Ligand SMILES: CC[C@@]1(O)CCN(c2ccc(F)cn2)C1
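The chain below stands alone and is given as structure tokens, in the form solved without the ligand.
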């Protein structure tokens, strides 16, 4: 792909994070802590899952960024509406304001309702995410496999400002402690 020139510098918003996440000083890395991270509760925090939003809001234009997922067993990545539900249980779907893919139990799936099987021959270590607000497109690229397309959501109905969306995945297994990292431009 030739989307690299729409690169944007994403930083994580501490205030949206689940209370067990640890965000690095530079706001470019996030990982699951082994306990509550000693922060106050607020209405922005995701309560049920280890999720956090980027600080940036997008309402026009073309945007591209990359995330490092090396050695993780589980994660969700993409964009969401600024007004998505934060508390309680919910599915990642466009109807709920999410445009996402994920890894879970050795399979990759797109967050459609119901979910769509992805066909990945080379397990990605870094994922590229492209958003075209006007066109209604969210695309995912396999940076480890020369930028090969993973999945395109088209005819998206964003219906609001978008924020970068992250889930570090649960760590019940002891094999999913590694961070999500925003990769340099």
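Numbering follows the first chain given and starts at 1.
The form solved in complex with the ligand exists for this protein as well; it is not shown, and the discussion that follows is about that form.
Does the 4.5 Å heavy atom contact test between residue 70 and the ligand in the deposited bound form come out positive?
Yes - in the deposited bound form, heavy atoms of residue 70 and the ligand come within 4.5 Å of each other.
Just to confirm, residue 178 within 4.5 Å of the ligand in the deposited bound form by heavy atoms?
Within the cut-off, so yes.
I'd like to know if residue 31 sits close to the ligand in the deposited bound form, meaning any non-hydrogen atom pair within 4.5 angstroms.
Yes.
Heavy atom within 4.5 Å of the ligand in the deposited bound form: which residues of 139-174 meet that condition, in order?
Nothing in the stretch sits within 4.5 Å of the partner.
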